[PDB]
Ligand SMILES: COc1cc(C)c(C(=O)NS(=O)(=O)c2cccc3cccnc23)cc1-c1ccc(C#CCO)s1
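Next up: a single chain in structure tokens, the form deposited without the named molecule.
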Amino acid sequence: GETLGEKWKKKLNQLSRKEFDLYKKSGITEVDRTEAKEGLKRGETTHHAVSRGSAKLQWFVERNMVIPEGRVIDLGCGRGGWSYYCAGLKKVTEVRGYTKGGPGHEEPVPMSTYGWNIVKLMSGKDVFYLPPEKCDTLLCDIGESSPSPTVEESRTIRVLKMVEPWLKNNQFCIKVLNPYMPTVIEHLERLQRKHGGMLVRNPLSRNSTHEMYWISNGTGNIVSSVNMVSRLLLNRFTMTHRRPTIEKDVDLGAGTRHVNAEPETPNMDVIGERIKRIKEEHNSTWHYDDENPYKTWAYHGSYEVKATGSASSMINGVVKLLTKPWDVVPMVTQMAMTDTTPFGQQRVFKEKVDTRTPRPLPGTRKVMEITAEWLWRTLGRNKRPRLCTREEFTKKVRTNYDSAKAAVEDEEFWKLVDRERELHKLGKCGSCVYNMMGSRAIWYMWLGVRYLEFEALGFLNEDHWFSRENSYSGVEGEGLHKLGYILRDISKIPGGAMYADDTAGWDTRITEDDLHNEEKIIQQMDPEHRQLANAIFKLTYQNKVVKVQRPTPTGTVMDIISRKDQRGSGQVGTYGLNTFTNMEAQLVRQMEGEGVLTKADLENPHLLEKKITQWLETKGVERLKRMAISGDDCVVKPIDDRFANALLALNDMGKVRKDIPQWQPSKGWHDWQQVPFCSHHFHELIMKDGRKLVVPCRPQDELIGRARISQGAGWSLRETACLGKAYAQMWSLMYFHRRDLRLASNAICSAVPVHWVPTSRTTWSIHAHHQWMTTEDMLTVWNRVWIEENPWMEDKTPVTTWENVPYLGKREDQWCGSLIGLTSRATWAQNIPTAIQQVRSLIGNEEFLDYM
């Protein structure tokens, strides 16, 4: 009675080498380690998982199969993948790793990922020589494979006997190398009867091993689950080969972890009513989950929900046909491995949102205070804040998931809005919640929340408070086709290089002090407006209640959480307030670069404001004109390059830069064409006419890949073609200078009917003016944008033909991702009208023209 596992093993060994290489990865889940390995080789110590182990453990922890807590002990820690992951978990307070080390064995790798200060990895530690210790969590990942089952059998038994005395009513996750051998089966059943738990297969395990993990949190039949894996591994022999499901690797953050500074203290007076109403509306499945993972957000309860969100995306057919050589390239397809599974949201939340920014120094808070007041007064020198209305909100909803067009039309919606507004006037909030993305009550509430925000704070956008004219540094309403010109104008200002540092997760870096300073605009409001805005700032912006989905072993739930600081990203006015605070922060950094702000000043509990006020009143506006600031994105050209080393205030404010050590000097550009801004850089093109154009540009694969993703999860063909045409129109207006794009532009537009009007939206950017969704000829639209209404184009004489509309320099094209070098492109370039003919065959018999 040679078991199924032994058959699988016998078949596994009887394989060809390439028949083996095929099978061992067929259909499994696998993390992309490319960035990590490249980062690790350059000696980086932050963010990176030290091995594939971090991701492997994540899978168990995600599903609460093991919940690391208290003192964690990690046997055979190796490089430390499991240990570093545990360091950032809510209830973990200490991690001890033991591993053998020496020749032929992995060695602990020092890192500075989040919680490193509670991780103690020791090499030279053979666990089979170690006396058991007290711990709340026991991890073990030891097990060396062997082509002989009985060899693995003895190795597995050895592990189990070593590891058993470590177990005592505590969490555990233990690797069982060979679980199908009958003697091992017998030992596990004895183990399960004493310590509980169950065997689980990890999808990240290759098919070349039958390994499973004995986890503490679960029950079930050991013999059953083992054969279930055996069967699966057997079927994966005969079945057709499936390349691995590629998964994004883990981000473990950076810096020391102070556990006692993590927990959130909610203002229950403010957010209480909101929780109660949610609780009442979902009373039948409402519960309080003590196993929630939230370290930094206050948890108030959960209710059950249906599982939403796929871990993939759905591809636009028409444009995938006409861009055939890009099925070859990774990035265009890598953009389609989006993950909005409830697991994916939870991973993003932990790694990006579940953090706390240390309170800025008293001197730093003073500078921000002074600068903010000065900035708001400057921004309101001409304009006044005003209330927006139902009428106004309705029009914008009409013109621009939208049954919102029906909601704003339903009178009962506005009745609810009125009801909630009267609460705000009394200092109460009843239903203002947002999501990390019931009937229509849930929908009306949410849309009513956004209206009240729009009503009180919408003027910032609607009245263009951050236009360049009104804000000096702003670019609101300008458009992607003008941004390049603005950067060119900035480069003409004498001083240092042009700097463009990205903040790591800007919205999560907004402090309580930032919120306090953004709030000061209410001082310029009329009384009734003021109390409404004051309600929005205090009740919903400084006390946020959030809905977030979370997978559980028993099903998906919706968690109700709260947080005082950070930016509510799903809230109206995010862009303006981000622009405001960023403007302030970049002024503060400029003061530091110029020596007006010193380290002593940041620490000084009673900083003198005469110096700051003086600097702002004499140089404030001039310094604002040195900047281009769009939300969290910024370009700064300081008066000299001391700015590069000005890091004290920037870091203390909490606006830590992305992808660079906290205290490493910044690096800028003097060639304004190499400067990144709003996901673009900008090139200067001299036309044959002699006149100059400044055009937006970005990596081509980013443009190709975004277009091979259609809207509507279940789209037809009349829409998918119309979406593809919209991208084509965009490409011919904004990226006409890219050879592949303009050619692929003339491919889509001739493979889609002329009576068809481009539907849906290309991308959602505030800089997108969408001039490419129109009635009209693409050359006539082009002339209007780039010549006629372009203020940086002196001579206005139109362009009659498409080839005095220039391309990029050819080498410049290739450098930005053009494929015109490869022969695969030139071949794609002759299969042109065949590919056209192929899609127009799918669509049917309508209006086709031909585009060269």
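Sequential numbering from 1, following the sequence displayed.
Heads up, the form deposited with the named molecule bound isn't pictured, but that's what we're talking about next.
Novice: Would residue 769 count as a contact of the named molecule in the deposited bound form, using a 4.5 angstroms cut-off between non-hydrogen atoms?
Specialist: Yes, residue 769 sits close enough to the named molecule in the deposited bound form that at least one of its heavy atoms falls within 4.5 Å.
Novice: Does at least one non-hydrogen atom of residue 442 fall within 4.5 angstroms of the named molecule in the deposited bound form?
Specialist: Contact check for residue 442: no, nothing within 4.5 Å of the named molecule in the deposited bound form.
Novice: Is residue 680 close enough to the named molecule in the deposited bound form to count, meaning some heavy atom within 4.5 Å?
Specialist: Yes.
Novice: Consider residue 114 of the chain shown here, and say whether it contacts the named molecule in the deposited bound form, taking contact as heavy atoms within 4.5 Å.
Specialist: No, no contact at 4.5 Å.
Novice: Using a 4.5 Å heavy atom cut-off, which of 281-289, 221-229, 645-653, 475-483 contacts the named molecule in the deposited bound form?
Specialist: After filtering at 4.5 Å, what remains is 475-483.
Novice: Please tell me which of 706, 195, 352, 90 lies within 4.5 Å of the named molecule in the deposited bound form, judged by heavy atoms.
Specialist: The residue from 706, 195, 352, 90 that makes the contact is 706.
Novice: Quick check on this chain: which one of 308, 150, 183, 765 has a heavy atom within 4.5 Å of the named molecule in the deposited bound form?
Specialist: Looking at the other structure, the residue within range turns out to be 765.
Novice: Can you tell me which residues in 333-351 come within 4.5 angstroms of the named molecule in the deposited bound form, by heavy atoms?
Specialist: Heavy-atom contacts to the named molecule in the deposited bound form: only 335.
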